[PDB]
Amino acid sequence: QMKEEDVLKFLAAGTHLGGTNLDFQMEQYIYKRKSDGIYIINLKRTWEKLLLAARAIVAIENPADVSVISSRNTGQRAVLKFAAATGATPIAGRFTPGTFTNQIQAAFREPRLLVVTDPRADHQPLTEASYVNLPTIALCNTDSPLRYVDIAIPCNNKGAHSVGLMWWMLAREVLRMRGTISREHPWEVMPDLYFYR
């Protein structure tokens, strides 16, 4: 159900490229390890989890109640573009500690869903999310900690092209599930708009 053209995009971006270390909860998503020690990510799992994540994001009735995060420069443009495209609320760059935990109101807590670029770099929002029972989604590399991640999308979340492509693909699938764009023909927005230079 993964399309040929998407496989080629993944390949060009190096999305299958993990690192030399493997978190025990990421073992289920890798395919093989090369002699240089690099773990190869199973892209069928990438695709399945992208769809699961898009489904969860689409179930949030007010689009602004999904927050999308990248502290790293690598994912900042991507999260801003994802947010523009889908109506999600971006936090690109610094996340001030207490943004989630310093809360007056018990009622109508927001965000209702958190999506982050890198559980290691974005540990603060993810840890705060666990304190306040905010469900989370993350792009996860082979050595990513999954402690605070509810839905892990296995991928190269280090390389600029792969990070940009992942956010672009998430956006495309969210828009497809909403019926905002065509489920059949290619999307007019190109991945390179999401890439950090």
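All residue numbers are counted from 1 along the displayed sequence.
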Given 11 to 19 and 181 to 189, the range whose Cα B-factors average higher in the PDB entry: 181 to 189
Between the two ranges 96 to 104 and 67 to 75, the one averaging a larger CA B factor in the entry: 96 to 104
Top residue by Cα temperature factor, when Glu61, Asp36, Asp150, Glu128 are compared in the entry: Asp36
Chain third (lowest, middle, highest) by recorded CA B-factor, residue given as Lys81: middle
Position of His123 among the chain's modelled residues by C-alpha B-factor, lowest, middle or highest third: middle
